[PDB]
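> Any chance you can model this:
(7 chains)
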Amino acid sequence: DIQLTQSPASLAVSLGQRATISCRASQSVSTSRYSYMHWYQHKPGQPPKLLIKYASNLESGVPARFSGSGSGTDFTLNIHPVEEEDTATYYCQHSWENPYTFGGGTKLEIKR
Amino acid sequence: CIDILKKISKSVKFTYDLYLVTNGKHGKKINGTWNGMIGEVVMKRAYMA
Amino acid sequence: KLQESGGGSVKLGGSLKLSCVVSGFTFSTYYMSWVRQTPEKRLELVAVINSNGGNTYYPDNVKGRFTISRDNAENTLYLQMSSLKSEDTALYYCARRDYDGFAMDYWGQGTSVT
Amino acid sequence: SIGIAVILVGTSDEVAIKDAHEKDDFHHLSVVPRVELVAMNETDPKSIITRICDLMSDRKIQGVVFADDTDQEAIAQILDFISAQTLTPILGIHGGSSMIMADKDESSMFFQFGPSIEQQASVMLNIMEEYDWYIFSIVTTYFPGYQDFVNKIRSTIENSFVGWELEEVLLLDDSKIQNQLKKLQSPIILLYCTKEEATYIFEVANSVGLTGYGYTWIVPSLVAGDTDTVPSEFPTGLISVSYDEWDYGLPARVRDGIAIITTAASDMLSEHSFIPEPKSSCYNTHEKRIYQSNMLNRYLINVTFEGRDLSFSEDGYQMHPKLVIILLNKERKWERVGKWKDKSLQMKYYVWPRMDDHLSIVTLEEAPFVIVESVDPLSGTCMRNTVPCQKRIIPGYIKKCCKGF
Amino acid sequence: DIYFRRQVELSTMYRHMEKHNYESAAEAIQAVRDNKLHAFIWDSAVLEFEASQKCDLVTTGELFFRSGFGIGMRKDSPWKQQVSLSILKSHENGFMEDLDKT
Amino acid sequence: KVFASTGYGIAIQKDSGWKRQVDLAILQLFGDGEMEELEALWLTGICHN
Amino acid sequence: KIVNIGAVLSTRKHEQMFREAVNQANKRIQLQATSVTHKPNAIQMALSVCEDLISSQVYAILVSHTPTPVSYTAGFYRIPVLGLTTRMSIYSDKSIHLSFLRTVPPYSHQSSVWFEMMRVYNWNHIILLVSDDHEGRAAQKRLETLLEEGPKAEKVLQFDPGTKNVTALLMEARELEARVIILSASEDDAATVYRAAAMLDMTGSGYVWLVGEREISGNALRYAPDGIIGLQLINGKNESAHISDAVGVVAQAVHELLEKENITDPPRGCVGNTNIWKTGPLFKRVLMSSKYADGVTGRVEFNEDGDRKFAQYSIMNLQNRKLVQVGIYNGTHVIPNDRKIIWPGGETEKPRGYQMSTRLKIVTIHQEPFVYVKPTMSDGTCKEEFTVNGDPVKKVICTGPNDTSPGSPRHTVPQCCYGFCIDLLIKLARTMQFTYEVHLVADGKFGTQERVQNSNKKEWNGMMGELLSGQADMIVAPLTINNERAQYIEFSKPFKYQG
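Residues are numbered from 1 along each chain as shown, chains lettered A, B, ... in the order given. Right below this line is the structure:
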């Protein structure tokens, strides 16, 4: 089975930085013309929604202080610059045929 | 070196004329002016040495 | 839109009905889910449904330990689990899915099954 | 439960349809073939689009295959536009459906069939390696796709040990064409054109004087067009491949496309809970078609049935088809040469077919005068400045690499 | 490899030497002393150095190529003429021969 | 052992375009070894060895 | 002799001016005007396509705004078309045979004017960025045709459309010795480069910038620095002028055509009949030979694609949010004199120059005796090594690869150098030259032109690949000279003669 894993799962950088969060897995999933992972991010307790559909496809009512790239077995998300409401845990999902494959979770704080 | 020139004339498809050095030997520079084959070609005739 | 109804404390090997009130959209053409959030934050699965009620799908380790029923007219999904061991103590989220639809667009708040 | 249509235009064998159709080979996996039969007689691509829109492609059936018996070309564009607007798959079976070899954008589907032109160029080399005979000249028309396989074959020869050469590639379409054909000294003239183009060039080349006995031509079936005609001017003993669908007939290709749809459906539905429903109106969907980034060609490109991996490329060219190599005749339009199946060449008699200059030479190996090596294991032939041996298997084709002083 | 590919007369031996080809010269340098290797082909500039330096090897002469060691630049550089002029200047003092001594 | 590293070269002054043709033709001529055979025709002595 | 003509048009006013142009071109031989609306949907255009083909007397169809789901049917019946509002280069492939004799050029033909910019400039330090698309690839082959005759500076820069990723790619372009930037992409990628070059200060002094027309939109216009020189096609929007000229060209065509033989009209209705109507392409041959003396848009003539014969180009300079129209390009004739050019560095003059660096990279492999790769000291320095006369030999840093061993690409090692040609470069840099940079090649190969297996590409490897890719600038090595390396790479005088 493919398994997503996230790195680094816990960190805290100051304001206005290039907050890059990588995610790794075993097999290449993004093949034909669309990429395959949905970045989820939300605070602990509350469900803020998806923010990136396939690789960088933003959703309704999102900030512009982040981006997502990567291919093969290594995608990533890069928050740049860094907001003040960035005390949330971020998540990865592309499933497979095989029902649903999840990653871990990256909790981020703001240095002060 | 004549047969070398014959292969060059076959490769780049050029004809020629085989003129000889009559004055000077090889380009001895006299008061800044070459004689010889060098003073021949520096007279701008598009010469070949 | 979505709000997890129930959960609570279950005994070892016990059964629990997991409900979720849905307000805003219909069931007979739309697609939802049930995922699991451990206290160790290991994202797992609870229930896989169809977009039209239809059929369902069972995740492999929890297969045979739950059943799903969709009452489409009253807009509340039902989920009756069974044989809940010590390794199902986790926060469970109900989430509406996409039109693809292996992404999720909407979410419930989250029930807590101990 | 997959609503499938099989559609034909004329010359139907409906009992082979009734017979092929085995439910026990679809032995209760997730799906059952809800099959419906359509027969037509149309030269009418407009009503072909409209009534199929009016059929259960809007209402019930999510997947359909299609066969023909003609040589039409716009069926490619009909494929491309239904692929452009509808994720419903349409497939190519026979006639002007497998004769469709057209490049396209990343589509929703393709009229998937057997071989490519790249496979035909490779087996054309494999025959010229095996039957010890040497290409030096190609001609082409302005058909899109001419130069890729040309640059392929010439660069493929440049990496081999022994080497074919090349006189000329003639990109063409003023009857001084005969004077450019006068410069061709190869025994092999490869050609990319159409059948009416071929018959015109056969009138031109027989007006040159380079006719069927001296310099033999080699075509693919797309140049031959229909594989069941000598229209006007076909010279004797020419070479062509399509061809294993002729060995199939109707119900083998029915068992091909039906089981490919049912398998690739269970490929998706192996872990997916459902299948996307057919959209209620083809020319008025326009909101529901964008609900599915389709992407099921991951499961369509890798389908194996009865131990046969019907695997395609990205443009739906089958990676493992069978190739039947066929000669013409003086009286017939095709007879036989042999077969080809996925880097396996099986030809008849290992004798170059012909219609005195050659002299059978008997000899014994004695170094340094005669040195007999074997053939190279990577290719199967002799090197530069070596000649093939012929020694009796005690067929006599033990063929080795003779050389020496 | 380029010269033995383009000359088809020894192409049989070029196919034979294809089967045992090496990655660096320092391998064949050790391998002649390993005495599993009959002969290696190289420019004389390194060969007569190693014959002079370490010990216990010979060469049979017969300079097949007779070539030089230029300097590689991109085409239409502004650094051809004056650079080759300094090449002449390094020749016109024996400083080339000085580094040859050193 | 000699005291110079010098070389004879064919000269055309300013050689507009033809320099590119002639130098690749020279490297072509060295690329086949007929130059060595021309040394066997011209530049071979008897009493050295 | 009455001839119908279809015309897929958006509004009824277009069909009215179409009918009036038909009556004006009925001066000669009669014409007939049928009115075709422009369908909003693709499949409905393919629905209503041959309800106008019931009238078989239509011999040409005008189209407007993609017209893909209607142009195929006309090329399927070999009808000569005019794609009036086409800026797409996919139809410029005339091997599809669903194309038309050209109006105004689709996009890429302005690059000929970009090649004629060196008739003003003769610049030869020019960098090209291409967004990876087929239309970009067609512009690539257009520039390669334009170069073959100079401004032959730099090959290409590739770009993947759909990501931002500019700075990580094109940070190298700050260093590549040239000042001319040519953009060929979408408008959104144009805004992405605009903000990233603002972050990189790549739109400062010296940096002259060249764009096309479709990059110029209001999203890019907010991010365009004031000083960019932009192009604009003359009569991009006067559709009715192209309508009346198209009526005059087809009336010239049917003026020639009504004096011919073997007319053989199309079938009435699209179907129920054969589809190999033979006088289709012959009418397109007549339309290929049809000319036009003068019109409201000027003299309409045809190139090999049918293109418009010195399509004039209004040129603008964005100076403080206002596109000041610089003047008119007309083929051989140039933007004459009239308006002052503000350049994107606050400059008033054209920067006629570039940046010949005093820091070049000299990359080579290890080769005894001429190179002895020595490990550095404990502080990363060199051991003081003496001659036979005690002279300190110059040990400069030969910055190695990430290999200490081939297969462990981890140890990016300093490895200060030792060898014969080291002192030769020391001599040359003392005499003439600069503070260099030295790297050691990873694979350690001389490298041959090996065939890549990706549909007939052949790429030099090793140092030959590095110098051809610009990773190295000077190659000092004990390397022989063959014709093969001399096919592309300039060689110096052969220093050490050898055998």
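> so how far is the first residue of stretch C:66-79 from its last?
7 Å (C-alpha to C-alpha, to the nearest Å).
> can you pull the buried residues of stretch D:216-230?
D:216, D:217, D:218, D:219, D:220, D:221, D:222, D:223, D:224, D:225, D:227, D:230 (16 or more other C-beta atoms under 10 Å in any protein chain shown). Backbone N, C-alpha and C define where each C-beta goes, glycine included.
> tell me the contacts of the nearest residue to the fifth one once chain neighbours are set aside?
The one in question is residue D:220. Excluding the flanking residues, the one nearest residue D:220 by C-beta to C-beta, 6 or more residues apart in numbering or on different chains is residue D:120, at 4.8 Å. Residue D:120 is in contact with D:220, D:241, D:323, counting by C-beta atoms under 8 Å, 6 or more residues apart in numbering or on different chains.
> What is the nearest of the residues you listed to residue G:246?
Closest to residue G:246 out of these is residue D:220 (41.4 Å), distances taken as C-beta to C-beta.
> That closest one touches residue D:243, doesn't it?
No: using C-beta atoms under 8 Å, residue D:220 is not in contact with residue D:243; the gap is 10.3 Å.
> Where do the helices of the stretch 151-300 of chain D begin and end?
D:177-182, D:195-208, D:221-224, D:244-268, D:297-300 (DSSP state H, counting those that start in this stretch).
> ok so, going back, just checking, the residue nearest to residue D:220 is part of a helix?
Yes: counting by DSSP: H, G, I helix; E, B strand; the rest coil, residue D:120 is part of a helix.
> phi, psi of the residue nearest in space to the middle of chain E?
When C-alpha atoms, centre = their mean is applied to chain E, the residue found nearest the centroid is residue E:43 (2.9 Å). Main-chain dihedrals, residue E:43, degrees, to the nearest 10: phi -60, psi 150.
> Get me the contact residues on chain E for chain F.
E:3, E:6, E:7, E:64, E:65, E:67, E:68, E:91, E:94, E:96, E:97 (C-beta under 8 Å from any C-beta of the partner chain).
> closest to residue D:297 among those residues?
Using C-beta to C-beta, those come closest to residue D:297 at residue E:6, 45.3 Å.
> what's in contact with stretch G:69-79?
D:74, D:77, D:81, D:84, G:8, G:42-43, G:45-46, G:49-50, G:53, G:58-61, G:63, G:81, G:83, G:91, G:96-100, G:266, G:270, G:275, G:277, G:280-281, G:283-284.
> now do stretch G:224-234
G:104-105, G:110, G:113, G:194, G:198, G:203, G:209-213, G:216, G:297, G:311-321, G:323, G:326, G:328, G:341-345.
> can you do 6 Å?
If you take C-beta atoms under 6 Å, 6 or more residues apart in numbering or on different chains as the criterion, stretch G:224-234 is touched by G:104, G:110, G:203, G:209, G:211-213, G:216, G:312-320, G:342-344.
> Neighbours of the residue in chain E that chain B sits nearest to, how many?
As assessed by C-beta to the nearest C-beta, chain B sits closest to residue E:66 within chain E, at 14.7 Å. Residue E:66: 13 surrounding residues under other C-beta atoms under 10 Å in any protein chain shown.
> Quick one: the helices in chain F, in order.
Counting by DSSP state H, chain F has helices at residues F:18-30, F:34-42.
> Throw those helices into TSV and include mean neighbour count, thanks.
Formatted as TSV, these follow (neighbours: other C-beta atoms under 10 Å in any protein chain shown):
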stretch	mean neighbour count
helix F:18-30	16
helix F:34-42	12
